[PDB]
Amino acid sequence: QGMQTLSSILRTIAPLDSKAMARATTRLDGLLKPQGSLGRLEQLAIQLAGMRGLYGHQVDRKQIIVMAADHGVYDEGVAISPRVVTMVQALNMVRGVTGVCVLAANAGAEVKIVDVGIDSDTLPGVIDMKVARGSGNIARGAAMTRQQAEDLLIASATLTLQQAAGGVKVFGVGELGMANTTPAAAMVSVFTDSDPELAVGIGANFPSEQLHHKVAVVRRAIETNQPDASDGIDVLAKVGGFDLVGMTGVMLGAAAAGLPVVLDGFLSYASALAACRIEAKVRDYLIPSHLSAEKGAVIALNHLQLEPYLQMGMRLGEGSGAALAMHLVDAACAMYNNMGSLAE
Amino acid sequence: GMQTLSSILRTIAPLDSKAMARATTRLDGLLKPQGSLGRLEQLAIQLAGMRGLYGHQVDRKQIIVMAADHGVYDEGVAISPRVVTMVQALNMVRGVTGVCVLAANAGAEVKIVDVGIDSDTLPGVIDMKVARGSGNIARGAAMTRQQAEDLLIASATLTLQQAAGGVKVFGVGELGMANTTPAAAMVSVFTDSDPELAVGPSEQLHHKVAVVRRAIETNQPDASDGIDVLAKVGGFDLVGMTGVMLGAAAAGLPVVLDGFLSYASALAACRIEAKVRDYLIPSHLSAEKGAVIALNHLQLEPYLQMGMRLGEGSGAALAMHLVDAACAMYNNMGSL
Ligand SMILES: [Cl-]
């Protein structure tokens, strides 16, 4: 009774409004320019026209939802930062001093920090959605139970839908989590039928001479858990983490609202792969931002069939890249709304 | 009385190495893994080296759009009627063009400059008109060397005046029916490429390649001489864009490139004074066929993959957001 079932939310994800997109195409073709000369900006304006949650290409209010959680696989020595940095950096987000904070402010976007599994108590100014104090160590077992993954998907999609009802027009995703590039690489390996050696990157400056150990840990996580690559919830629960689940839920909720959601980098690619496995109709609500510098970025993007607009060599995460692409969503709508056709 | 071009160029200095070293230290100390903001960090460092800037203050931005018609229109190589240059220039004044709405969204001004439209004087447009269109580069030079040099001076002087008026970031754009043909000619000459590689089965494409080949063969420009190439196989809009780059570099201020046409102007600008290159900021990867070769010779990698080919400065407007974001990161991110 309290919340909608996952199945019910998924069934509200509609294909894009093809008739709206056709009208938008005709309008863009008639504008003061050679046909198709604004390329992917035109494509973006048409894609947004198909999203029934929007009205008149009005996208003023934007909100990047940052999902924070700790990971049991930190115990395997795959991250160089102290584990406590997840908590401190979440507090730093409240202070407004992190990279996503200043880039979101520069883009006029809100930032909503959500605790879905930090190894800490409740944090002032951080939304309490905490499933547990850190995920299970994926190298020795599952990150979480299937039911925990499903319930968190429902909770984070529900939050997103509440924000949609409250007037948010464009979502973005980010995360915070020491060692979370290890589950992300495991998910990408499983979803793309890739050997982990192809998908495992340096994350937060993991020493290149120790990268073989990070590969070994991811390989062991997949061997131990044997996730079903066709089952997005199973992959999330077995070799994912709470932040990854939360980002998938935001994508599901935005698509269910009929609204755009802007991806970030490698971590968000893993969540996007799981979201599209759960409901393929989510893909057309996704807007890529930048091409992450993570080693497995190109493999993940190829399988999503998405081409990011920004090539910034970025690898911070937090949603900082999603913030940058917000300007492009603005630009597509500004071109659609304000550009002349036959003013004289 | 006007300054000489040489006197303007003398002001162009290499980037401030110590300032860039201090910027690198500051960025490494921010609350993030070292180097994790990648090219956004190196953009903030490049801006730290530009002595015309202070405190990564980049509030005021200006895209200067150079409009001119081209004699090689006579060879039938343009995709649209010649009058489009004039009509689009008037649409700029009204603020309804692509660059206008994108610049507004980026908080940049647009300055539309007539350097050679085939028309009477146009209201709302800056009158820098050398002539009613350039010479037909297929049959002879676009302009005399003196014409190119005097327009470089005028356009650099205008840019320097805008710098003194408070503009912190420049961008360039152009309007000009048939101007991808001189652009391809310049890129071919500057990069030692056959025009087939720089011109973008069809009868029209075959003819356009032949026209570019003929322009180079007729004019035999000296590829080592950026002014000679501009004068012989360029055009007034291309000269003006080069002049904006020279003036911005002389002021020590960044200038954001647009697409294929601006790459040709940038290649000429760097032939004229190599130190200009460090003040260039690429924007998007133009979908024009010869874009990659031109960018490779400039050793620039654009940030935006938009599949755009409109021109007019529209790509420069989009990159203004990245200049803004780099400075916001540098100025506002927390440290210890
Ligand atoms: Cl090992």
# chains A, B, ... in the order shown; residues from 1 in each chain; ligands from 1

$ interface_residues --of "chain B" --to "chain A" --cutoff "9 Å" --atoms "only C-alpha atoms" --output "PDB file with N, CA and C atoms, in the first residue's frame"
ATOM      1  N   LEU B  30      42.628  20.331  -4.569  1.00  0.00           N
ATOM      2  CA  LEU B  30      41.186  20.376  -4.378  1.00  0.00           C
ATOM      3  C   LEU B  30      40.671  19.027  -3.876  1.00  0.00           C
ATOM      4  N   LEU B  31      39.435  19.037  -3.366  1.00  0.00           N
ATOM      5  CA  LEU B  31      38.846  17.854  -2.730  1.00  0.00           C
ATOM      6  C   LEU B  31      38.325  16.894  -3.803  1.00  0.00           C
ATOM      7  N   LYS B  32      39.271  16.222  -4.443  1.00  0.00           N
ATOM      8  CA  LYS B  32      39.014  15.303  -5.543  1.00  0.00           C
ATOM      9  C   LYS B  32      40.300  14.535  -5.817  1.00  0.00           C
ATOM     10  N   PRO B  33      40.204  13.340  -6.397  1.00  0.00           N
ATOM     11  CA  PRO B  33      41.425  12.639  -6.808  1.00  0.00           C
ATOM     12  C   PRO B  33      42.213  13.488  -7.794  1.00  0.00           C
ATOM     13  N   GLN B  34      43.539  13.439  -7.664  1.00  0.00           N
ATOM     14  CA  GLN B  34      44.410  14.235  -8.518  1.00  0.00           C
ATOM     15  C   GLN B  34      44.117  13.954  -9.984  1.00  0.00           C
ATOM     16  N   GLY B  35      43.978  15.027 -10.765  1.00  0.00           N
ATOM     17  CA  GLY B  35      43.774  14.926 -12.195  1.00  0.00           C
ATOM     18  C   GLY B  35      42.403  14.461 -12.637  1.00  0.00           C
ATOM     19  N   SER B  36      41.470  14.222 -11.709  1.00  0.00           N
ATOM     20  CA  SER B  36      40.226  13.550 -12.077  1.00  0.00           C
ATOM     21  C   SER B  36      39.276  14.425 -12.892  1.00  0.00           C
ATOM     22  N   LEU B  37      39.455  15.747 -12.921  1.00  0.00           N
ATOM     23  CA  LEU B  37      38.620  16.571 -13.787  1.00  0.00           C
ATOM     24  C   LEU B  37      39.286  16.855 -15.130  1.00  0.00           C
ATOM     25  N   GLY B  38      40.373  16.144 -15.433  1.00  0.00           N
ATOM     26  CA  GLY B  38      40.929  16.039 -16.770  1.00  0.00           C
ATOM     27  C   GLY B  38      41.103  17.315 -17.564  1.00  0.00           C
ATOM     28  N   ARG B  39      40.473  17.367 -18.743  1.00  0.00           N
ATOM     29  CA  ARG B  39      40.636  18.513 -19.630  1.00  0.00           C
ATOM     30  C   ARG B  39      40.015  19.776 -19.063  1.00  0.00           C
ATOM     31  N   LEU B  40      39.069  19.649 -18.131  1.00  0.00           N
ATOM     32  CA  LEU B  40      38.569  20.835 -17.446  1.00  0.00           C
ATOM     33  C   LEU B  40      39.660  21.459 -16.588  1.00  0.00           C
ATOM     34  N   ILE B  79      25.874  26.209 -51.657  1.00  0.00           N
ATOM     35  CA  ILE B  79      24.682  25.379 -51.489  1.00  0.00           C
ATOM     36  C   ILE B  79      23.407  26.218 -51.506  1.00  0.00           C
ATOM     37  N   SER B  80      23.497  27.502 -51.185  1.00  0.00           N
ATOM     38  CA  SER B  80      22.371  28.418 -51.096  1.00  0.00           C
ATOM     39  C   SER B  80      22.603  29.691 -51.897  1.00  0.00           C
ATOM     40  N   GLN B  88      20.963  36.718 -43.633  1.00  0.00           N
ATOM     41  CA  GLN B  88      21.354  36.150 -42.343  1.00  0.00           C
ATOM     42  C   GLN B  88      22.032  37.191 -41.463  1.00  0.00           C
ATOM     43  N   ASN B  91      19.303  38.889 -39.932  1.00  0.00           N
ATOM     44  CA  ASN B  91      18.694  38.051 -38.905  1.00  0.00           C
ATOM     45  C   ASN B  91      19.518  38.063 -37.625  1.00  0.00           C
ATOM     46  N   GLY B  95      18.490  38.867 -33.696  1.00  0.00           N
ATOM     47  CA  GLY B  95      18.734  37.903 -32.639  1.00  0.00           C
ATOM     48  C   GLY B  95      18.063  36.558 -32.807  1.00  0.00           C
ATOM     49  N   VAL B  96      17.730  36.162 -34.035  1.00  0.00           N
ATOM     50  CA  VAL B  96      16.969  34.941 -34.281  1.00  0.00           C
ATOM     51  C   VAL B  96      17.811  33.830 -34.889  1.00  0.00           C
ATOM     52  N   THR B  97      19.110  34.042 -35.090  1.00  0.00           N
ATOM     53  CA  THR B  97      19.952  33.023 -35.696  1.00  0.00           C
ATOM     54  C   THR B  97      20.431  32.026 -34.646  1.00  0.00           C
ATOM     55  N   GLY B  98      21.049  30.950 -35.135  1.00  0.00           N
ATOM     56  CA  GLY B  98      21.539  29.918 -34.235  1.00  0.00           C
ATOM     57  C   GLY B  98      22.549  30.450 -33.237  1.00  0.00           C
ATOM     58  N   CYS B 100      22.934  33.465 -32.224  1.00  0.00           N
ATOM     59  CA  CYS B 100      22.315  34.438 -31.327  1.00  0.00           C
ATOM     60  C   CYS B 100      21.644  33.752 -30.142  1.00  0.00           C
ATOM     61  N   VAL B 101      20.838  32.722 -30.405  1.00  0.00           N
ATOM     62  CA  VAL B 101      20.104  32.091 -29.312  1.00  0.00           C
ATOM     63  C   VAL B 101      21.033  31.241 -28.454  1.00  0.00           C
ATOM     64  N   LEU B 102      22.070  30.656 -29.052  1.00  0.00           N
ATOM     65  CA  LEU B 102      23.008  29.867 -28.263  1.00  0.00           C
ATOM     66  C   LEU B 102      23.919  30.773 -27.444  1.00  0.00           C
ATOM     67  N   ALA B 104      23.067  33.776 -26.330  1.00  0.00           N
ATOM     68  CA  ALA B 104      22.213  34.235 -25.236  1.00  0.00           C
ATOM     69  C   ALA B 104      22.148  33.197 -24.124  1.00  0.00           C
ATOM     70  N   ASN B 105      21.976  31.925 -24.488  1.00  0.00           N
ATOM     71  CA  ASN B 105      21.910  30.871 -23.483  1.00  0.00           C
ATOM     72  C   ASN B 105      23.223  30.740 -22.726  1.00  0.00           C
ATOM     73  N   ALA B 106      24.337  31.079 -23.362  1.00  0.00           N
ATOM     74  CA  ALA B 106      25.644  31.052 -22.721  1.00  0.00           C
ATOM     75  C   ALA B 106      26.022  32.389 -22.095  1.00  0.00           C
ATOM     76  N   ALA B 287      31.611  18.615 -38.331  1.00  0.00           N
ATOM     77  CA  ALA B 287      31.348  17.461 -39.178  1.00  0.00           C
ATOM     78  C   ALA B 287      31.870  17.644 -40.599  1.00  0.00           C
ATOM     79  N   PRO B 302      38.875  19.183 -29.923  1.00  0.00           N
ATOM     80  CA  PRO B 302      37.679  19.863 -29.421  1.00  0.00           C
ATOM     81  C   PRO B 302      37.008  19.075 -28.310  1.00  0.00           C
ATOM     82  N   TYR B 303      36.216  19.788 -27.525  1.00  0.00           N
ATOM     83  CA  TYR B 303      35.539  19.181 -26.388  1.00  0.00           C
ATOM     84  C   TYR B 303      34.183  18.584 -26.737  1.00  0.00           C
ATOM     85  N   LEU B 304      33.506  19.120 -27.750  1.00  0.00           N
ATOM     86  CA  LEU B 304      32.106  18.817 -28.024  1.00  0.00           C
ATOM     87  C   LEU B 304      31.969  17.970 -29.283  1.00  0.00           C
ATOM     88  N   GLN B 305      31.263  16.846 -29.165  1.00  0.00           N
ATOM     89  CA  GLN B 305      30.930  15.984 -30.299  1.00  0.00           C
ATOM     90  C   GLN B 305      29.451  16.183 -30.614  1.00  0.00           C
ATOM     91  N   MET B 306      29.153  17.235 -31.379  1.00  0.00           N
ATOM     92  CA  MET B 306      27.773  17.610 -31.661  1.00  0.00           C
ATOM     93  C   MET B 306      27.349  17.330 -33.095  1.00  0.00           C
ATOM     94  N   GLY B 307      28.251  16.822 -33.935  1.00  0.00           N
ATOM     95  CA  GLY B 307      27.938  16.617 -35.337  1.00  0.00           C
ATOM     96  C   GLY B 307      27.428  17.869 -36.026  1.00  0.00           C
ATOM     97  N   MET B 308      27.911  19.031 -35.596  1.00  0.00           N
ATOM     98  CA  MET B 308      27.428  20.313 -36.093  1.00  0.00           C
ATOM     99  C   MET B 308      28.250  20.790 -37.285  1.00  0.00           C
ATOM    100  N   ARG B 309      27.580  21.508 -38.192  1.00  0.00           N
ATOM    101  CA  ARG B 309      28.263  22.159 -39.304  1.00  0.00           C
ATOM    102  C   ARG B 309      27.628  23.504 -39.652  1.00  0.00           C
ATOM    103  N   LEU B 310      26.795  24.061 -38.770  1.00  0.00           N
ATOM    104  CA  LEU B 310      26.144  25.335 -39.065  1.00  0.00           C
ATOM    105  C   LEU B 310      27.165  26.451 -39.234  1.00  0.00           C
ATOM    106  N   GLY B 311      28.153  26.512 -38.348  1.00  0.00           N
ATOM    107  CA  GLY B 311      29.037  27.658 -38.338  1.00  0.00           C
ATOM    108  C   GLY B 311      28.381  28.824 -37.619  1.00  0.00           C
ATOM    109  N   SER B 314      28.165  29.213 -33.713  1.00  0.00           N
ATOM    110  CA  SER B 314      27.268  28.468 -32.831  1.00  0.00           C
ATOM    111  C   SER B 314      28.032  27.494 -31.938  1.00  0.00           C
ATOM    112  N   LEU B 318      28.598  27.266 -27.534  1.00  0.00           N
ATOM    113  CA  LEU B 318      28.456  26.095 -26.672  1.00  0.00           C
ATOM    114  C   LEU B 318      29.679  25.905 -25.787  1.00  0.00           C
ATOM    115  N   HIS B 321      30.238  27.664 -22.189  1.00  0.00           N
ATOM    116  CA  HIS B 321      29.843  26.991 -20.957  1.00  0.00           C
ATOM    117  C   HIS B 321      31.031  26.299 -20.302  1.00  0.00           C
ATOM    118  N   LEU B 322      31.914  25.712 -21.112  1.00  0.00           N
ATOM    119  CA  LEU B 322      33.047  24.981 -20.555  1.00  0.00           C
ATOM    120  C   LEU B 322      34.084  25.935 -19.976  1.00  0.00           C
ATOM    121  N   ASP B 324      33.347  28.872 -18.686  1.00  0.00           N
ATOM    122  CA  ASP B 324      32.675  29.219 -17.436  1.00  0.00           C
ATOM    123  C   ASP B 324      32.878  28.145 -16.370  1.00  0.00           C
ATOM    124  N   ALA B 325      32.665  26.882 -16.741  1.00  0.00           N
ATOM    125  CA  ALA B 325      32.727  25.799 -15.763  1.00  0.00           C
ATOM    126  C   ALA B 325      34.145  25.589 -15.248  1.00  0.00           C
ATOM    127  N   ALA B 326      35.139  25.698 -16.133  1.00  0.00           N
ATOM    128  CA  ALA B 326      36.525  25.556 -15.696  1.00  0.00           C
ATOM    129  C   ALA B 326      36.877  26.609 -14.655  1.00  0.00           C
ATOM    130  N   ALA B 328      34.713  28.301 -12.719  1.00  0.00           N
ATOM    131  CA  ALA B 328      33.923  28.053 -11.517  1.00  0.00           C
ATOM    132  C   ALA B 328      34.554  26.957 -10.666  1.00  0.00           C
ATOM    133  N   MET B 329      34.985  25.862 -11.301  1.00  0.00           N
ATOM    134  CA  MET B 329      35.720  24.829 -10.576  1.00  0.00           C
ATOM    135  C   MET B 329      36.953  25.412  -9.903  1.00  0.00           C
ATOM    136  N   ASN B 332      35.896  28.063  -7.044  1.00  0.00           N
ATOM    137  CA  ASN B 332      34.904  27.764  -6.018  1.00  0.00           C
ATOM    138  C   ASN B 332      35.060  26.405  -5.347  1.00  0.00           C
ATOM    139  N   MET B 333      35.752  25.451  -5.967  1.00  0.00           N
ATOM    140  CA  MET B 333      35.926  24.151  -5.332  1.00  0.00           C
ATOM    141  C   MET B 333      36.698  24.300  -4.030  1.00  0.00           C
ATOM    142  N   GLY B 334      36.310  23.512  -3.031  1.00  0.00           N
ATOM    143  CA  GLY B 334      36.959  23.589  -1.741  1.00  0.00           C
ATOM    144  C   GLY B 334      38.262  22.810  -1.697  1.00  0.00           C
ATOM    145  N   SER B 335      39.170  23.279  -0.841  1.00  0.00           N
ATOM    146  CA  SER B 335      40.394  22.555  -0.526  1.00  0.00           C
ATOM    147  C   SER B 335      40.472  22.356   0.981  1.00  0.00           C
TER     148      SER B 335
END

$ closest_atom_pairs --of "chain A" --to "ligand 1" --cutoff "9 Å" --atoms "only C-alpha atoms and all ligand atoms" --output "tab-separated table"
residue	atom	partner	partner_atom_place_in_ligand_line	distance
A:212	CA	ligand 1	1 (Cl)	7.0
A:213	CA	ligand 1	1 (Cl)	4.4
A:214	CA	ligand 1	1 (Cl)	7.4
A:215	CA	ligand 1	1 (Cl)	7.9
A:216	CA	ligand 1	1 (Cl)	5.1
A:217	CA	ligand 1	1 (Cl)	6.6

$ write_last_selection --atoms "C-alpha atoms" --output "CSV table (one decimal), in the first residue's frame"
chain,number,residue,atom,x,y,z
A,212,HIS,CA,46.1,-6.7,-11.8
A,213,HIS,CA,44.8,-7.2,-8.2
A,214,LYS,CA,41.7,-5.1,-8.9
A,215,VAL,CA,41.1,-7.3,-12.0
A,216,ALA,CA,41.5,-10.4,-9.8
A,217,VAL,CA,39.0,-9.1,-7.3

$ residues_around --residues "residue A:184" --least-positions-apart "4" --cutoff "7 Å" --atoms "only C-alpha atoms" --output "number ranges by chain"
A: 180, 188, 240, 267, 270

$ closest_residue --among "A:150, A:17, A:228, A:243" --to "residue A:86" --atoms "only C-alpha atoms"
A:243

$ residues_around --residues "residue A:256" --least-positions-apart "3" --cutoff "7 Å" --atoms "only C-alpha atoms" --output "ChimeraX atom specification"
/A:9-10,12-13,252-253
